[PDB]
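Read the structure below first, then the notes.
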Amino acid sequence: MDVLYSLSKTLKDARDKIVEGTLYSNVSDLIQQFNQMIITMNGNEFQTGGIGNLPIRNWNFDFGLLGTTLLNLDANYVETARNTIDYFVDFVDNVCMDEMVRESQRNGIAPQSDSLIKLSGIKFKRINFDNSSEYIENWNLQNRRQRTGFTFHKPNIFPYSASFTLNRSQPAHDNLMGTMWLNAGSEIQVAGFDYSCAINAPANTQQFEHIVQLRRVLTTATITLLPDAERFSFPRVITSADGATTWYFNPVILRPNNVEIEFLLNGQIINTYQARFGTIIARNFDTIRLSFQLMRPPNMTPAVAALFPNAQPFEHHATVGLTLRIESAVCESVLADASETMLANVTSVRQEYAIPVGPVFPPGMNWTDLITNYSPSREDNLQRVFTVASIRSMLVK
Amino acid sequence: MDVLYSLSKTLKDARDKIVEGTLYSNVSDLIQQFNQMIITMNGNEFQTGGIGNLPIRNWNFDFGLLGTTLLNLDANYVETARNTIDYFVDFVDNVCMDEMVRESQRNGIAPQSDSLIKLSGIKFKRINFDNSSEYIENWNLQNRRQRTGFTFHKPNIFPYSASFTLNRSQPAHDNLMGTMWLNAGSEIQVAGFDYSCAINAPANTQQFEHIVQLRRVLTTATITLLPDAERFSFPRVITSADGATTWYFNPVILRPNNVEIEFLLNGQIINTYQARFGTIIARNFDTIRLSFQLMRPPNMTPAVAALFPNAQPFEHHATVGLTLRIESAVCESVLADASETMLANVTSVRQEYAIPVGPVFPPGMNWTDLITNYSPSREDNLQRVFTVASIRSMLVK
Amino acid sequence: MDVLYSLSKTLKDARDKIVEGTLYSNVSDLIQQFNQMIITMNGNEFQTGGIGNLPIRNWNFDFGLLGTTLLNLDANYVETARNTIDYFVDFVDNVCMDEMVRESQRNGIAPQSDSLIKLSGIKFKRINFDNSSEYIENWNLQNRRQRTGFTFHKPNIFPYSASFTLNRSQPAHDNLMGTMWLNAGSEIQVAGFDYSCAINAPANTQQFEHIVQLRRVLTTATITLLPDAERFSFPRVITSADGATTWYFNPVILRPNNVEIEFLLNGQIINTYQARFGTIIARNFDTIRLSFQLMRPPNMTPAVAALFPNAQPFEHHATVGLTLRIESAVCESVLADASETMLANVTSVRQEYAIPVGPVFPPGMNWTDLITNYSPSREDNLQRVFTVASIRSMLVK
Amino acid sequence: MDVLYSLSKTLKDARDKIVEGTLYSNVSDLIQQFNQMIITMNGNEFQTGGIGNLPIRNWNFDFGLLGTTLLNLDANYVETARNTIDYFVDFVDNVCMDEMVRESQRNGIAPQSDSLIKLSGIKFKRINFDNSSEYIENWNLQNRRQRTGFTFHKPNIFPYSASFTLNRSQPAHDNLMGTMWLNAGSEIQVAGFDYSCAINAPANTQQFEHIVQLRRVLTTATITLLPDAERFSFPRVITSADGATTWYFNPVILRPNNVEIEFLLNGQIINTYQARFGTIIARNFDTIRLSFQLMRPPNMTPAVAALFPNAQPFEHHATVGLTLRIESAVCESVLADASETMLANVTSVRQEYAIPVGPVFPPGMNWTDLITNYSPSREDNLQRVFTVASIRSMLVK
Amino acid sequence: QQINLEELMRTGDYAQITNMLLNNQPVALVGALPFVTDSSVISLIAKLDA
Amino acid sequence: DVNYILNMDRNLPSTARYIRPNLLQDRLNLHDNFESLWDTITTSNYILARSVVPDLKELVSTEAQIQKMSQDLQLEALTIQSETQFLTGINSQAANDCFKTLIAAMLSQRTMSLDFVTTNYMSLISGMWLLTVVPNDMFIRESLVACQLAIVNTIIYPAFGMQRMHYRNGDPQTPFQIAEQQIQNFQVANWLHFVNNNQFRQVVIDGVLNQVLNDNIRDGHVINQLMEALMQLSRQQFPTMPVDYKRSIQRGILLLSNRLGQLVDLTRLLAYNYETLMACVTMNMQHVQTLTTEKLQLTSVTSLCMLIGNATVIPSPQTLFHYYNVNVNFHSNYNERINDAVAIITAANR
Ligand SMILES: [Zn+2]
């Protein structure tokens with residue numbers, strides 16, 4: 001595997017540092033590495049493809065070295081080189097793709113394809129070099145069993161979930177109390193509603209709570225917390241819990257009272273914030289708990305008083321809410337986020353070549369399904385597959 | 001051109017690796033490259049500026065080189081060097097800016113300025129070196145007529161468009177049916193409304209559809225699709241299509257029924273998703289088609305039934321919607337996005353120096369206007385201009 | 001300080017380029033640099049920790065240099081090396097953290113810890129090299145006094161502020177006129193409301209204005225400006241200015257009329273946009289001024305006319321708004337943004353080790369408090385502390 | 001590919017400059033080139049055909065050189081040569097045809113056939129020569145990514161379109177107002193009709209407009225513009241817009257009033273002509289806009305007055321029109337025109353060999369369908385295929 | 001400016017010095033050196049030292 | 001090339017005039033059929049070379065070394081076949097010969113063999129030196145045959161304890177190599193691929209059309225190859241057969257190692273020299289299997305090796321030119337006569 005990596009940084013730092021002009025001395029250290037490769041390869045034979053709509057292609061090697069002679073570089077030098085690179089590019093592409101499709105339950109971590117299995121061979125190890133590409137960097141550290149870690153912008157930790165829970169309801173759905181939410185990606189919006197505006201509630205306050213359990217711990221998270229859930233601030237006609245009928249939600253928004261956000265790790269409070277809106281840091285957590293209340297306004301102007309009568313019908317439904325967004329965070333496990341193309345690359349190659357559903361990944365590499373049941377096997381396969389996608393993107397985008 | 005590039009990575013890898021103390025043998029390979037330059041330059045005269053409020057500064061070359069001795073670097077060594085760098089910096093800045101304003105209908109892809117035209121000369125090619133900066137990387141691969149590609153978080157593919165289409169309307173605007181939307185940047189929000197709540201519609205279902213045609217194909221897109229269009233979930237007073245009067249929109253939101261998103265390429269469905277909210281992948285498309293329906297609730301509690309009478313006046317307007325956001329994608333053409341400063345750099349330099357409107361770009365480098373009529377000439381000029389902005393940002397931010 | 005930097009890029013470019021199988025010559029230039037270090041170190045002893053819950057560990061050096069077994073490294077070579085690296089890693093971590101907690105009003109721009117103060121010593125300068133990490137790059141350029149500059153996605157320039165201003169009000173709060181807003185992070189949403197729908201206003205138009213003063217100038221900003229403030233488009237029950245009662249806000253939205261956005265710098269208009277929604281560039285500004293109007297619709301269908309009577313009670317409250325988001329920008333001062341983990345790293349290390357509140361930073365490194373009173377001392381300490389966090393993240397995430 | 005080219009100019013300049021008589025000296029430079037070929041070929045083996053009704057043919061090479069001895073040329077010399085040429089002719093024909101049928105979506109630009117793919121090989125490049133054939137000339141310049149350009153007589157830019165638009169109509173179709181047109185090839189004819197002869201129109205003038213959007217920009221166009229549309233100057237019975245009935249058009253022609261032709265490029269007016277009939281130049285445009293009016297004659301002799309009553313029935317229908325023909329123009333993209341046989345050659349070879357419909361081109365290489373959806377893939381394939389047709393026509397017509 | 005003599009006679013002189021001398025530019029030299037004392041002011045006015 | 005000083009002294013009237021040298025290339029590819037003549041060229045080009053290759057200097061007194069050699073060598077210890085490893089002498093010469101000989105061979109694009117002496121194992125060790133550098137690519141397949149197998153068998157394999165099946169070769173593709181695929185000791189293992197490669201990286205087009213099959217920067221002066229050739233040797237000290245064997249063998253090996261600090265110097269030397277001289281060759285030079293050989297007694301080789309000190313010699317300026325000048329003329333004549341030739345023949349026909 002690491003082998004694979006090199007193959008690319010070789011080509012990149014190649015198709016990059018080798019051009020009509022420059023001095024030999026700037027590539028001397030490079031040129032070498034290169035040749036070294038050609039050698040180890042030549043003589044060997046390969047095979048890629050064979051699954052689904054993926055073409056089968058065989059490759060052989062028999063190439064000349066490089067003029068370690070010249071001082072500067074003349075156009076002619078390049079072209080005779082670029083011609084050799086292009087065969088490797090078109091090669092690697094086919095190599096990546098071939099191993100970017102196969103999955104495996106037992107050992108979903110190690111190589112699969114006839115192409116790569118052959119590379120992990122010892123006789124090729126004579127090629128590793130410059131592993132500064134964030135992903136491979138972490139691939140190694142994990143082999144040696146040590147503390148890994150990646151960086152994500154608007155991570156995708158929450159499987160899509162949009163629902164409600166009626167804590168007080170009745171057939172007519174004319175005096176409900178409960179919460180409704182949307183957990184998706186890196187965002188959570190939750191609203192607590194009480195049709196009665198806490199008219200008969202102790203201290204005229206109704207307590208609400210929303211708990212979200214992450215499938216993986218997030219560390220060093222920068223989070224935006226804002227009062228109100230705009231998504232649940234407008235009139236709605238919703239299906240009843242049993243699907244037998246529809247209820248009416250006509251919200252009027254009040255400020256959430258006694259807001260408390262807790263970021264817990266294994267049941268322990270790691271970070272807690274009381275009514276702090278704006279930017280907050282959650283340094284290590286696997287669970288978020290949002291507690292907030294609706295407090296009936298003790299003093300009301302006529303217009304307000306008119307919305308909240310002492311007796312039904314309750315026509316304006318008191319609602320309080322919160323919005324929480326994880327802007328960035330670090331995770332020890334690979335995840336999809338709003339910036340990296342890994343998930344999209346893997347999903348795209350599989351879709352383009354009509355790769356059949358396998359035993360590990362959900363149909364279509366569906367993110368929600370994947371993160372909902374993020375088993376060790378899915379994670380090992382995902383990491384292998386994401387690391388390969390990242391190796392491929394160094395040359396082919 | 002590529003020439004230009006070097007000039008910088010030269011200086012960066014210079015103003016960076018040349019510090020009081022470091023061991024020489026870390027820069028041996030570097031030092032060289034440097035000198036090589038000075039030589040090729042000395043004996044040449046340049047001129048930049050001359051347009052709008054851009055000064056016309058003149059430059060000459062005549063410099064000594066650098067010692068090669070010394071195990072380690074002594075402070076004195078640096079300062080005598082930094083003094084030489086600063087003249088090149090202040091130079092390049094003026095060089096970039098001068099070629100970052102001129103546009104040419106004809107060959108808007110070729111060099112313009114007297115300054116650069118002179119660089120593409122052969123006698124200067126002896127300076128090229130280390131082309132790994134994502135942009136130049138793609139500049140080459142294109143000049144050779146090959147497959148390019150870039151990376152964008154929240155790309156800016158949709159020209160601003162905020163409007164509506166009334167499929168059923170009448171003078172009083174008291175029983176409308178149609179759609180309203182906002183396409184902007186990487187996001188689309190669209191709502192379908194039916195004042196009658198499909199009371200007389202076949203199967204009590206009203207079909208809606210929203211089609212958006214991209215000006216460039218996006219590949220490997222990671223997309224968030226969510227039900228509801230919050231932007232169109234509140235009461236509005238809107239101007240009529242003819243601008244003669246104003247209508248009232250008083251939405252009540254229902255879940256979009258039979259949601260189907262199609263990502264098409266040249267009329268062909270490449271990806272299709274049926275009612276799948278959350279994160280989805282669209283691997284290659286030039287068009288997005290969102291189809292969704294409003295289905296009159298077959299069972300209604302009294303509160304709901306009251307909103308939807310059998311006869312007018314229709315006072316609560318049934319609305320269903322969708323929100324789609326392209327988090328990341330790859331495009332073969334340069335585009336503005338939410339992270340890169342290229343567009344802002346080009347636009348800013350032109351604004352600061354009062355550069356007159358030219359024949360290629362819309363006034364003020366207006367993004368909406370640019371992407372709406374993204375001609376080949378505008379794209380070639382944009383790419384040239386974006387690549388220069390990226391070369392400049394390696395040294396001057 | 002710069003010293004420190006090296007220590008890492010040394011290790012990274014080490015734990016990266018040093019692997020089972022690479023040709024010696026690909027590290028010849030590197031190996032050297034490394035050894036050079038060991039030498040300078042061995043002998044001198046260090047103290048880290050000694051504050052809050054941070055442990056006081058003692059480090060001592062006694063290491064043998066590095067061999068050179070020819071022709072690609074043998075596994076054995078690595079392991080004997082990795083063993084030496086791991087002591088430095090676990091070291092630096094403790095070094096960073098120890099200087100990442102101390103603050104100082106007088107000179108809070110220099111080294112504090114006994115650990116680092118000793119490094120700035122001259123006898124160590126002999127290590128510095130490859131200063132390409134964006135942050136250190138700017139650390140230097142500032143020591144010499146020049147144009148610094150960083151890059152941010154969704155910068156965090158606006159301290160959280162959510163409030164309103166009633167320009168016309170009365171005890172019953174049944175005919176108000178004013179604005180309400182939310183400034184937070186990189187976003188601003190502001191709404192202007194007039195319960196009377198400008199019935200008695202000159203030209204039936206009510207003018208609104210929202211001014212936001214940045215604590216630091218932003219340059220090269222790419223900004224999204226959209227009409228409407230969704231956050232203030234729904235019914236609300238709000239506390240009165242004096243906290244004595246609550247008022248009712250029942251908005252109906254109209255398009256903002258005569259929208260004008262001005263980006264000013266020291267009172268001067270640098271950029272101005274009239275009713276331009278979508279993507280706009282603000283090249284250099286310390287203030288944003290949003291002016292917009294509510295114009296009573298001159299022509300109204302019956303449904304609309306019914307919302308706006310000639311006499312109170314005013315039950316539908318005419319509202320116009322704007323949304324502005326800074327997607328990216330450059331700032332000469334460090335800031336938190338939506339992608340970088342610096343703030344989170346510093347805040348997290350302090351929280352984990354129960355570091356006591358100091359004299360410079362607000363309790364909990366609270367961003368809103370920090371940016372609200374962003375004094376020179378807080379900025380110098382923040383930059384020092386952010387630069388260290390970035391050095392640490394090269395090895396430990 | 002370029003390879004291919006040579007093969008021909010070799011043969012042409014051969015079957016042409018080599019005849020019973022002439023002096024060696026006139027071909028010395030030629031003879032050489034020739035032999036050079038034979039060599040590179042001999043030993044190699046080929047294969048053409050295999051698709052549809054196309055025969056499969058294998059070819060081998062083993063030929064003698066040429067007597068570089070003789071002074072003049074004796075009959076015998078020729079015949080021994082012509083015999084060798086005829087094998088190459090019959091060869092190339094089969095080579096062209098084989099690559100003139102295959103299409104490809106992904107890479108529709110590069111070679112397809114087993115025959116040609118082998119030619120792009122490096123070992124054959126030893127044959128290029130004299131690329132003055134207009135098409136290859138442009139094939140190269142496009143590889144180097146530069147400004148191309150072809151020449152056309154009566155170009156074929158307008159997909160066939162013959163229709164009408166009724167701006168005022170009623171069930172009886174006895175008082176219509178609108179336009180009807182025919183856009184086809186290089187010509188546009190458009191008529192504006194008003195059954196009422198602008199009797200109730202402001203200033204007794206009815207405005208008309210016809211806009212045509214080209215799929216490709218045309219530059220340096222010589223155009224004939226004439227008043228009147230003869231095609232729409234005679235009585236017609238036409239199908240109604242909904243196909244449910246037929247209407248009667250009984251035109252009487254008046255001179256078009258206030259004629260204005262605009263040739264726009266990306267929305268900008270590049271050329272504008274006011275009432276100028278005859279020959280006009282449009283130097284660069286992607287859109288043509290024809291505006292013209294029908295002005296009711298202010299003074300009418302009895303015979304004229306009788307045609308235009310103050311009240312219906314309107315029996316003589318006032319009509320004004322324009323005719324525009326693009327005689328010649330330059331386009332950066334290949335197009336069919338009235339002189340070149342490329343489209344016909346490609347279409348003919350495919351038809352003769354019963355080549356199955358592929359994934360790129362419309363059935364039958366239909367021009368209207370092709371130009372209507374002239375995608376990048378269709379253009380790259382068309383150019384490849386047109387360039388091959390032109391190479392073939394140098395030898396086989 | 002400066003130019004180590006030791007490195008000069010080692011390197012082989014790149015006419016760097018040769019040029020500066022030819023063109024007359026303010027410069028310095030460094031290393032071991034043979035001094036030579038003079039008297040009769042004259043010498044000075046005559047500027048022998050050049 | 002720093003080391004060399006350049007300067008102008010005489011001026012030039014606008015009266016100055018010369019005649020183009022005319023150095024077109026080959027025009028005639030004799031490289032693919034006229035063996036008989038190539039052999040004659042090679043030979044020539046070869047002698048030419050020796051005439052140039054600077055003579056060496058400052059060597060270690062013949063006597064001194066050979067004497068510490070006997071102390072280390074443990075010569076007469078049972079083994080019957082004595083005094084065959086010391087016919088090494090005349091080194092004060094052998095090295096000079098071995099040195100020159102080696103270069104020309106290369107330059108002249110010649111190919112050779114080895115007056116090999118099976119018994120004398122030492123003589124073999126040094127052989128390993130030879131392949132470590134000289135691109136086997138230009139060594140008639142066969143002489144390499146003997147050499148390697150002699151190493152392979154009477155060395156490594158058994159003293160290293162590995163294949164005690166000594167080795168059975170009929171005629172595969174590179175016996176020296178294959179040994180790799182089945183050797184369990186990395187150090188040993190790298191030598192193998194590098195040696196079986198180092199194919200004399202036959203690809204160059206410098207200073208305008210001068211295909212001069214080049215050689216590894218590595219070798220050049222990265223040298224390490226040597227350092228690695230040594231390190232691999234540093235762990236070949238073990239069992240299998242009689243005592244007087246390992247004792248004698250390893251002891252010899254060490255003399256390569258210690259000296260290794262210097263052996264380095266050798267690499268640099270050639271590296272430069274060849275890399276220098278070459279520069280001034282107009283005639284192109286395709287690698288060809290000459291019909292004739294050139295005997296190279298491991299005798300001399302071995303001498304050069306442990307027998308070179310901190311010496312340092314290079315091509316006298318004047319020397320270099322003289323070289324250019326010659327090839328030049330020659331070329332000019334070849335090209336010229338060619339023209340003179342052609343012209344006639346063609347005329348001869350009409
Ligand atoms: Zn964003």
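Every chain in the structure tokens has a letter given in the order shown (A, B, ...), and although residue numbers restart at 1 in each chain, ligands are simply numbered from 1 in the order shown.
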Check every protein, DNA and RNA residue against ligand 1, keep those with an atom at most 7 Å away (counting only C-alpha atoms and all ligand atoms), and present them as a short mmCIF file (atom, residue, chain, number, x, y, z; two decimals) with C-alpha atoms, in the first residue's frame.
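Contents of result_30.cif, as written:
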data_model
loop_
_atom_site.label_atom_id
_atom_site.label_comp_id
_atom_site.auth_asym_id
_atom_site.auth_seq_id
_atom_site.Cartn_x
_atom_site.Cartn_y
_atom_site.Cartn_z
CA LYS B 154 -19.36 25.75 -1.76
CA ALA B 338 -16.48 30.16 -0.72
CA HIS C 153 -13.11 30.78 5.37
CA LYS C 154 -16.21 32.29 7.06
CA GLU C 327 -17.41 33.68 2.81
#
Chain F near chain A within 10 Å: what's each residue's closest atom pair and its distance in Å to one decimal, counting only C-alpha atoms, ordered by chain then ascending residue number, as JSON lines?
{"residue": "F:180", "atom": "CA", "partner": "A:123", "partner_atom": "CA", "distance": 9.5}
{"residue": "F:181", "atom": "CA", "partner": "A:123", "partner_atom": "CA", "distance": 8.0}
{"residue": "F:189", "atom": "CA", "partner": "A:123", "partner_atom": "CA", "distance": 9.6}
{"residue": "F:190", "atom": "CA", "partner": "A:126", "partner_atom": "CA", "distance": 9.0}
{"residue": "F:193", "atom": "CA", "partner": "A:40", "partner_atom": "CA", "distance": 7.9}
{"residue": "F:194", "atom": "CA", "partner": "A:36", "partner_atom": "CA", "distance": 8.6}
{"residue": "F:196", "atom": "CA", "partner": "A:39", "partner_atom": "CA", "distance": 9.6}
{"residue": "F:197", "atom": "CA", "partner": "A:39", "partner_atom": "CA", "distance": 7.0}
{"residue": "F:198", "atom": "CA", "partner": "A:39", "partner_atom": "CA", "distance": 9.2}
{"residue": "F:199", "atom": "CA", "partner": "A:65", "partner_atom": "CA", "distance": 8.4}
{"residue": "F:200", "atom": "CA", "partner": "A:65", "partner_atom": "CA", "distance": 8.7}
{"residue": "F:201", "atom": "CA", "partner": "A:65", "partner_atom": "CA", "distance": 5.2}
{"residue": "F:202", "atom": "CA", "partner": "A:65", "partner_atom": "CA", "distance": 7.0}
{"residue": "F:203", "atom": "CA", "partner": "A:67", "partner_atom": "CA", "distance": 4.8}
{"residue": "F:204", "atom": "CA", "partner": "A:67", "partner_atom": "CA", "distance": 4.8}
{"residue": "F:205", "atom": "CA", "partner": "A:70", "partner_atom": "CA", "distance": 7.4}
{"residue": "F:206", "atom": "CA", "partner": "A:70", "partner_atom": "CA", "distance": 5.5}
{"residue": "F:207", "atom": "CA", "partner": "A:70", "partner_atom": "CA", "distance": 7.8}
{"residue": "F:208", "atom": "CA", "partner": "A:74", "partner_atom": "CA", "distance": 9.4}
{"residue": "F:210", "atom": "CA", "partner": "A:70", "partner_atom": "CA", "distance": 9.9}
{"residue": "F:211", "atom": "CA", "partner": "A:67", "partner_atom": "CA", "distance": 9.4}
{"residue": "F:212", "atom": "CA", "partner": "A:69", "partner_atom": "CA", "distance": 8.3}
{"residue": "F:213", "atom": "CA", "partner": "A:67", "partner_atom": "CA", "distance": 7.8}
{"residue": "F:214", "atom": "CA", "partner": "A:69", "partner_atom": "CA", "distance": 5.6}
{"residue": "F:215", "atom": "CA", "partner": "A:68", "partner_atom": "CA", "distance": 6.4}
{"residue": "F:216", "atom": "CA", "partner": "A:68", "partner_atom": "CA", "distance": 6.1}
{"residue": "F:217", "atom": "CA", "partner": "A:68", "partner_atom": "CA", "distance": 6.2}
{"residue": "F:218", "atom": "CA", "partner": "A:32", "partner_atom": "CA", "distance": 7.4}
{"residue": "F:220", "atom": "CA", "partner": "A:68", "partner_atom": "CA", "distance": 9.6}
{"residue": "F:222", "atom": "CA", "partner": "A:29", "partner_atom": "CA", "distance": 10.0}
{"residue": "F:275", "atom": "CA", "partner": "A:69", "partner_atom": "CA", "distance": 8.2}
Mind dumping a table of every chain A residue within 12 Å of chain D, with the nearest atom pair and its distance in Å to one decimal, using only C-alpha atoms, sorted by chain and rising number, as CSV?
residue,atom,partner,partner_atom,distance
A:79,CA,D:122,CA,10.7
A:80,CA,D:122,CA,9.4
A:83,CA,D:122,CA,8.7
A:84,CA,D:122,CA,11.0
A:352,CA,D:106,CA,11.7
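Between CA of residue 323 (chain F) and CA of residue 99 (chain F) the separation is 18.4 Å.
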### Message
Would you mind listing, as a list in words, all residues of chain E that have at least one atom within 9 Å of chain F, where only C-alpha atoms are what counts?
### Response
residues 11, 12, 13, 14 and 15 of chain E
